[PDB]
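In listed order, ligands and their atoms are each counted from 1. Side-chain atoms are counted along with the backbone in the values below, which use heavy atoms only and exclude waters and symmetry mates. Note that the numbering runs from 1 along the sequence shown for the chain.
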Amino acid sequence: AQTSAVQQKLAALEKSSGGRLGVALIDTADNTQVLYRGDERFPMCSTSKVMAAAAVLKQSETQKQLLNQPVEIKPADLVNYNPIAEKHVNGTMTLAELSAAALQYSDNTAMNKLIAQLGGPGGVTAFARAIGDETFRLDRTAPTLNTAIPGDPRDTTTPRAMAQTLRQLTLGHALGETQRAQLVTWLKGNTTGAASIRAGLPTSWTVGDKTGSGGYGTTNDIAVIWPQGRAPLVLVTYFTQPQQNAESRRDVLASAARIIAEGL
Ligand SMILES: *C(=O)[C@@H](NC(=O)/C(=N\OC(C)(C)C(=O)O)c1csc(N)n1)[C@@H]1N=C(C(=O)O)C(=C)CS1
């Protein structure tokens, strides 16, 4: 009933933003979906870290000690943003610590260690395919996976595919029960999300999310949302701009989430 209005409002937000906006909502109360450019490709940037962390969690289902396995951090492993890993240079971090740093602080060195643990970007993609995601592709390590060049298929997915995958990982059965709970705990402990999807939602709703930022002013967020009194929602908001040096626009993601919420 409200869906025509939501579509109109998302288009008006996009027009005022100057950029290109992609939205996918799944309401798990009734499997309703609301999409805006839901089948167009967008650069994932650091939102791809959810897939990498989940792939390591899947490996840990058959290796009970895997998350405690130490990984060496060398000075040469530091990249453009690595607030956790830099404390451990010439030392080690466990795979659990790398997963938490990648997800909750968006540490790019930590993401690179997860990618390497999976055999490279193609190993992350192979895990995506194993859980039914035919759209996701990871092609590069950080920081270059965040270049976000328009038209480049590398390191992209669609909002529809990412919402479905995030649902399967956090609420469905793609991971074992303990691993699903650990992923949800990590996402709920994210430090980077208060200005993005969360900022558009009622403060009483619990959120776990993973943000992303990259070239072309790319500003992304993927979230699982537990509204008050309601089954959870999954929401992807992806946003990218026409000039390489464009500024971040987390407010656009908040505005998209607000429009989605007001139409529930
Ligand atoms: C994931 O998206 C990561 N993004 C980046 O490394 C890039 N830019 O992000 C920062 C450094 C925050 C920025 O100035 O926008 C990047 C790599 S190559 C390029 N042109 N830009 C991490 N993502 C986030 C996040 O938004 O979640 C961070 C907070 C840390 S970097």
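- Between the choices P43, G215, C45, the shortest heavy-atom distance to atom 19 (C) of ligand 1 belongs to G215.
- A donor and an acceptor atom, one from each side chain of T211 and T192, are located under 3.5 Å apart.
- The pair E247-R249 does not meet the salt-bridge criterion, since no charged nitrogen lies less than 4.0 angstrom from a carboxylate oxygen.
- Of the protein's non-hydrogen atoms, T211 OG1, 2.4 Å is the one closest to atom 27 (O) of ligand 1.
- Figure legend: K188 and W226 shown as a cation-pi pair, the cationic atom lying under 6.0 angstrom from the six-membered ring centre and within 45 degrees of its axis.
- At a cut-off of 3.5 Å, with distance as the only test, a side-chain donor of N108 or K49 sits close to an acceptor on the other residue.
- Between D209 and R198 there is a salt bridge, with a side-chain nitrogen of the basic residue lying less than 4.0 Å from a carboxylate oxygen of the acidic one.
- Distance check for atom 8 (N) of ligand 1: a protein heavy atom is found below 4.0 Å.
- If you number the atoms of ligand 1 from 1 as listed, the ones under 4.0 Å from a heavy atom of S46 come out as 1 (C), 2 (O), 3 (C), 4 (N), 22 (C), 23 (N).
- The protein heavy atom nearest to atom 16 (C) of ligand 1 is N146 CB, 3.7 Å.
- If you number the atoms of ligand 1 from 1 as listed, the ones under 4.0 Å from a heavy atom of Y81 come out as 30 (C), 31 (S).
- For the side-chain hydrogen bond (donor to acceptor under 3.5 Å, both in side chains) with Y36, the qualifying choice from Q7, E14, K9 is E14, the only one to do so.
- Looking at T147 next to ligand 1, no N or O pair under 3.5 Å apart turns up.
- The number of heavy atoms from other shown groups lying within 6.0 Å of CD (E86) is above 12.
- Of the candidates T157, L145, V236, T157 is the only one forming a side chain to side chain contact (heavy atoms under 4.5 Å, CB included) with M44.
- Of the protein's non-hydrogen atoms, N108 ND2, 2.8 Å is the one closest to atom 6 (O) of ligand 1.
- Residue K210 has at least one heavy-atom neighbour below 4.0 Å for each of these atoms of ligand 1: 27 (O).
- Taking the centre and axis of the six-membered ring of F42, the NZ or CZ atom of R20 falls inside the cone set by 45° and 6.0 Å.
- Counting only N and O atoms by type, the side chains of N112 and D77 include no donor and acceptor under 3.5 Å apart.
- For a threshold of 3.5 Å applied to N or O pairs, the pair formed by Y105 and ligand 1 contains no separation below that value.
- Close contacts between ligand 1 and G214 involve ligand atoms 21 (N) [criterion: under 4.0 Å to a heavy atom].
- Of the protein's non-hydrogen atoms, the one nearest atom 13 (C) of ligand 1 is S213 OG, 3.7 Å.
- Residue contacts with ligand 1 do not include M111, since none of its heavy atoms lies under 4.0 Å from the ligand.
- Within the 4.0 Å heavy-atom criterion, the part of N80 lying near ligand 1 is the side chain and not the backbone.
- Contacts between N220 and ligand 1, counted as non-hydrogen atom pairs separated by less than 4.0 Å, are absent for every part of the residue.
- Among protein heavy atoms, the minimum distance from atom 24 (C) of ligand 1 is reached at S106 OG, 3.4 Å.
- Donor-acceptor pairing under 3.5 Å is lacking for the side chains of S213 and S248.
- Considering backbone and side-chain atoms alike, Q244 places every N or O at 3.5 Å or more from each N or O of ligand 1.
- Counting only heavy atoms of the protein, atom 18 (S) of ligand 1 lies nearest to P143 O, 3.3 Å.
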